[PDB]
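A lone chain, given as C-alpha cells: the form deposited in one PDB entry.
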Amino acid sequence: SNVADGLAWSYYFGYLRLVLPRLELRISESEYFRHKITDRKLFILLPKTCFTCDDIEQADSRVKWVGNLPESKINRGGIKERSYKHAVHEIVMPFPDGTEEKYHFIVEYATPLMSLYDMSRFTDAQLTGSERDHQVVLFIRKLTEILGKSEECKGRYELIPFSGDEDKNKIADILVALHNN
C-alpha cells in the first residue's frame, strides 16, 4: 500500500490501542494528578511543517512540564515487558486582573512522523521532500480514520494538526478551547 499506512497502523496497534483504554486508570492511580487532569484524554500533536518534535514548554511561558504519570507495563510484545509513561503539562492562562486559570493536559507528539523525517533527510533517501510531505498528509488522514472507527478509543483522544515550527505557542490556546466545550 503506502508508507504512511504502516506507520499509522503501527502507531495504533503498538501504542494507542494499548494506552488509551488504560489512560483513565493511570490518572486515577496517581494521587498527585487524579484531581488535576480533568480532560482524561491524550492530545496528539500532528506537526506538518517541522518534525523535530521540540518540547512545547520551551515555546510558551504558560506551558510548563510538571512531571510524569506513574509508569505501566504493557504485556503486548515478545518475551519482553515494555513500560510506558505519560508526561503532564501545566497550562496557566493569565488574565489582565492578575488572576489565573490552571489546567493540566496529557500532550504528546505523533512519533511516527519523526520517522518520516528521518527517511528523507539522510543521503540515499527512501523518500524525497515532496514524496515525504504526501505521506505526512496520508498519515494524518489515516490515523483519523483508524481512531474514528476504534470503539475502545472513542472519547479518549484529540488530534491537533499544526505546523510544528514557529507556532508551538498555539498549543496552549487550543488545549483550553477543547477543554471548555
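Residues carry their position along the shown sequence, with the first being 1. By rigid core we mean the largest C-alpha set that fits within 1.5 Å across both forms.
Omitted from view is the form deposited in another entry, to which the following refers.
Comparing the two forms between this form and the one not shown on the rigid core, the single residue of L138, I146, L46, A59 with a CA shift of 2 Å or greater is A59. Taking the rigid core as fixed, one finds a CA shift for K73 smaller than 2 Å between this form and the one not shown. For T99, the Cα coordinates differ by 2 angstroms or more between this form and the one not shown after the core has been superposed.
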